[PDB]
Amino acid sequence: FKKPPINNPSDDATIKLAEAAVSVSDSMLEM
Amino acid sequence: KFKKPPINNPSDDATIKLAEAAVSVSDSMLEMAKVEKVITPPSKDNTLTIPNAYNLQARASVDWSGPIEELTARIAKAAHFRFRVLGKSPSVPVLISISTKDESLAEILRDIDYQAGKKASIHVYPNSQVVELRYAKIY
Amino acid sequence: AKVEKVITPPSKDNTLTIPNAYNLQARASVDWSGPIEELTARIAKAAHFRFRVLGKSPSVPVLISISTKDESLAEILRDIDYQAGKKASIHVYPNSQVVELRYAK
Amino acid sequence: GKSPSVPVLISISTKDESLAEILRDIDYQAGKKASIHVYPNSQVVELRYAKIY
Amino acid sequence: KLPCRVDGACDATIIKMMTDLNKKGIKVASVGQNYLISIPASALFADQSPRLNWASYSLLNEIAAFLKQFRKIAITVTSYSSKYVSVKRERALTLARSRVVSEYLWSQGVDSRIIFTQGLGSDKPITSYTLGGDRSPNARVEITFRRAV
Amino acid sequence: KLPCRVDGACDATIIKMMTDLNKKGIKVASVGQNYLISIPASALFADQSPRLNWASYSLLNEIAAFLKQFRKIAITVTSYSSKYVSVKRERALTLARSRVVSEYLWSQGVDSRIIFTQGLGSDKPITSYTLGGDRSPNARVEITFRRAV
Amino acid sequence: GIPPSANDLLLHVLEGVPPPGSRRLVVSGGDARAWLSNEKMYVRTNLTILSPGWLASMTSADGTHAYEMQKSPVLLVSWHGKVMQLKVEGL
Amino acid sequence: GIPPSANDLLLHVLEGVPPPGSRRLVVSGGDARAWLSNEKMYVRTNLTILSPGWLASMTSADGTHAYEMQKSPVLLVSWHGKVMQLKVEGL
Amino acid sequence: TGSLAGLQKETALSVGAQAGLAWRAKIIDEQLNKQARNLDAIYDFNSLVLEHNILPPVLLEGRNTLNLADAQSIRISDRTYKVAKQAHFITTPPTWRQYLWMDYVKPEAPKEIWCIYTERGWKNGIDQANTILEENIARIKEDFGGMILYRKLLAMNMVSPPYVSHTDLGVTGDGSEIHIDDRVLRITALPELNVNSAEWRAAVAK
Amino acid sequence: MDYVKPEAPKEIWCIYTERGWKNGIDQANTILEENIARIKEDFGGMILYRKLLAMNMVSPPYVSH
Amino acid sequence: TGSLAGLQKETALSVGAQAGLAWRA
Amino acid sequence: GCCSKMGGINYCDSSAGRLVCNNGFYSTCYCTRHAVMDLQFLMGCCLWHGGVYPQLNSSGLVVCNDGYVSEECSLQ
Amino acid sequence: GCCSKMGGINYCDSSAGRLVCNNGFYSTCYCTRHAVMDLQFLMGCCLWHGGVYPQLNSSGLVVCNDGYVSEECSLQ
Amino acid sequence: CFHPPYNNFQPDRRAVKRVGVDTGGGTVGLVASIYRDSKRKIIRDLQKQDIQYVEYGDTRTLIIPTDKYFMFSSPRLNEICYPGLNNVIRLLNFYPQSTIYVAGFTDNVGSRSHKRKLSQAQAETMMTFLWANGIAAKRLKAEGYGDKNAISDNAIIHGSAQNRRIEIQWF
């Protein structure tokens, strides 16, 4: 049976923090 | 019964405050990147310096937070290419931080070359099968 | 308030209208606080017009402040002309595609 | 125009009034600090600040 | 106050997992400090398609639980298949199989820095008996690493 | 010494009145933070006239008592009717109905800053079955708002 | 004026001989040695020091690093692409 | 005599860093922070202050206000067109 | 006290706060350790460092400024820019652990109305730890925002870049000690704001 | 007006307690009357300036920028 | 010490060291 | 009981200063002090002045920080 | 039991900081303090400063070697 | 039986297993089948998972959260939450003549093009999963909006969490 990732953003603040980190990394790559 | 769909795990106020800081950091970076891109339009891409070939299309998932030379040597060894170093290594080390998932070795090398910036450069010669890392003529 | 308030008729309102030239409806995001000349030149370059100045610059330059996220170039030019006041004016000619910054004598 | 550092405050307390009359009362109470214009052919409500300070 | 061992690991658990995997049929080999896990393709995938069965996730969880017992830097996943139509379809199939296996392994919590994936098609066979399809012993996926310190 | 909640409000009371209104026939809907109350015109007004019945003030009191439980800035009241004679008469009828309903709601003690009133006539139906008069389901009054914080 | 070149104690730190008059410090969590001589901390290791910042540095032929830095009870290091911490006692 | 331009400490108040040497105040009833440094209150909020009167003011890019004023145990604010009060403790 | 007819502990508060502060600090440190890679992705100080390993300066911005100095006279301004910190040579980039990590030491140094005051002190200690963490977050946000603002004003040509002079000595020293390739690097011009507004460059984003 | 709750406390006690109860209410009414007179004086003085400015007996303030 | 519910020799160390030092030497 | 006739309290959202219940509905209870409270009645004297000036007095007079004398807190 | 289900402990290899079992397998146990441990949580205060400055104080304040004051180890 | 990965895109024979196991009653099994095959039982099951159903007039809407029915920041479909998707297919089987609109919505974090592309990719993935179960391609249309018309407040954590969704409307 399939399992979820253990370091998964299952919290509504962790989701926002992780997508903010993704956008920051994308902006740094563009710069 | 009355319910609304997103019901997740309970949150922590420390993570709430960190997210509130990070959103404003992110859109400040968005404004700065837009201003810099508008002021200075780039004209060249590193596809000419780093081209692709066969057996550079094997894939990798990498999470590395150290110096550039060991990671570049591991990528070259997995890509079955010789590794060459040009120039003197600086006394202050060139640090990179890569955290990706399932992309090609040429794309990984291009991201490492972009993050190195003005300190180091990556070149690929597929005829001789050579990956070359060169340091900048600084200090 | 009815007694004290004074108005102007819309026939003699000294404000630049929308020139409705097709190159001036492109949206833009502008953050600027400084002289009028440099911003007006960049607005003309983004609208692919020419830019010319008639008059002379004073000792103290004319300072404007435009901070918008999504606004048309004609509306930006109208806000610039309103903020300039009696010291400068902006004219738009679309037949020969040019903008003119005219100083007050 | 530029918004002033001291804010322009209004106090409105009406009941069952049209939007044009509400905008006219807001424009009268604002007075010399701000003005309200309505362009119906372009469907634009415009608020302009005074050329002061 | 200092830790006495690497956390979540035990030598008895390592020996038990090695014995259970060898009795199940997954080949676990260790020479020096190098470790190899060899898996038949029929226990993971369907008939020559890059789609995992729903029951192979328990085996993948067992392999991930074995892989969490060591400290390592780089893992290599290499796929091999048999002759079906042409070399391009075999190479693409093996690359897709290695991609899916390494994606689930990276989704689970292995503490590695780099995972490399490659699929070599049908270039390196280990057995001259090539009559089967995916039931042939030379259609497999291999997970190789080196124990660090 | 500080207050522990918003005064005169309880979530159990909110759920109770939503359940009672939904069993009575007044539609209460909530998506995200937006709230909608839909009332048929036959339960409030007479046959195509802007005159309230005397017994509908109890229903209006229940709607006001439900509306006092939330904190809000703006309320929108919109009226819809069916085709009777022309478009002018039905737009004037819907505007008058919205004016009367909003006047009684503002007379009662709802703590809102702005209440907007409009009547759209018969431009936006919700049901293709248009055989009834005021008994049709697409002759209605709608009260929409957003819960603030 | 010309700034000074380096500190010559780092050659002995590279060779592994402690400076004279110094005392030993206990380092746990990794392969590193530390000494304290004149309210300054001398670290001999082959890891990469990331966070606390150092004042002077030398490198040997085989890849060993010698650092001169301020005293600190924690060091942040990079081992093989993984970031970890070393604990310094005896300060 | 040219009057002074502003107080440059309101930039740190805008960023949210407390002034050095100050002590914190407790603010109840709304989203605001306050500090007391030299018998003057420094208030960071995004509301509108109506009654007590302030001495200096700055505004950030996202709409956050910073005020310099005298000490008072009550503030009158406008939230969304509605007037309420904030209570300040620790004075 | 009321109507005319109406007319006719501290040690528990002290001991709860230390335990609440230590417990909340430990939980905050655990939550910080759960998100180590995301914080490194967000507060990436390493890619903002200039060419000669120089940390960029910190700049502060204010808009719509008013001062009532005294009665009959006021002073107003549209925007103001200030240099808070100055550029300098670095050997290592900063990290988020020097800003956000809270300090934890286990306190092992210890009934009708005891429990309510103990739990009141517990809530007070939790609130104190939350306030400390909020101040730390603001302190790191100020420096990162100033470093971004320096690059944006450098793009719009309002600050000057630092200037580096290098002196290349040869084989120096006496017969007891030699150095092969001496290089002395010194920065001569610090970054500064310019006041010539005619040289500024505007940016219009399509 | 200022409110602080006082929590710091029989043959002829009740009548004199009632007399003091009346006296405190009278004092509070006097204080409120004085406050009303003060705010009325300030507002009427501000209206009188506008009336005399319309009647041209006062000068307006002059601002230099 | 811990939770809210939780709220509600040298001479041997001296003498071992010389013997261990001499034996290891 | 805050989240009554629901699934109970999920967590305190400090961005809005409100409790979130086990359904998707916001609760009416507060859980931080920096929540929007409609405060209209405040206690204490020398209000709308600088506050109570902290000197200790031989008499019962109470003086504010702006020189005003509070007759309500003053002892007769 | 470190080398459990094996032949038992052979010796401590101090060049790697690990025990060797009686087979050729390295053990998971450490035997020196200079072994690679993944330490992420460290105790003590005035961390990321010079450490605790060793003066004895009349008050409960704790000062670090860089002039910083640690509020967490400070007594209220 | 039932295959957990989508039952090989086959119509599930759900009633015959229950009426075959409830014999060692046939009438009791038929009563259980006609209860559990009803529309209201499907609506209550979708209430047990985190999917909202709104009916108003003759327009019906399903609200599905991407945070639990998608992988993180990707257009991949989360395969652990397959009973909810099977219940969506079972509910949509009752209306064989209506047209289907699917729309994707995200929160305010990120760039505008990134938000539009992520919403469009999630909408295409959901429309493809609807198409592969038997629904014809001429009855489907997908659209991805950004943070254009939200239903909650994006300045708060729970309100921003409520805005990331997939909306399915039919007549």
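Order of writing sets the labels: A, B, C, D, E, F, G, H, I, J, K, L, M and N. Residues in every chain begin at 1.
Keep in mind that, in the parts below, contacts are C-beta pairs under 8 Å (C-beta built on N, C-alpha and C of every residue); 3 or more make two chains touch, one makes a residue touch a chain.
The chains that touch subunit G as well as subunit N are B, E. Looking at B-N and I-J side by side, the one with more C-beta contacts is B-N. The geometric centre of subunit A is 46 Å away from that of subunit K, both derived from CA atoms. Subunit L has its Cα centroid 17 Å from the Cα centroid of subunit H. Chain centres here are Cα means. That of subunit F falls 36 Å from that of subunit L. Multi-chain contact residues, meaning those touching two or more other chains, occur in subunit M at positions 17, 33, 36-38, 40, 44, 46-48.
Contact of a single residue of subunit J with at least two other chains is seen at positions 5.
Residue positions 2, 54, 113 of subunit E each touch two or more of the other chains.
Listing the residues of subunit E that touch subunit N in their complex gives 54. Residues 2-8, 10-12, 14-18, 24, 55-61 of subunit H touch subunit I in their complex.
Those residues of subunit D lying in contact with subunit I across their complex are 2-3, 5-6, 53. Interface residues of subunit J, counted against subunit I in their complex, comprise 5-7, 9, 14, 17-18, 21. Listing the residues of subunit H that touch subunit L in their complex gives 26-32, 51-52, 70-74, 79, 82, 84-87, 91.
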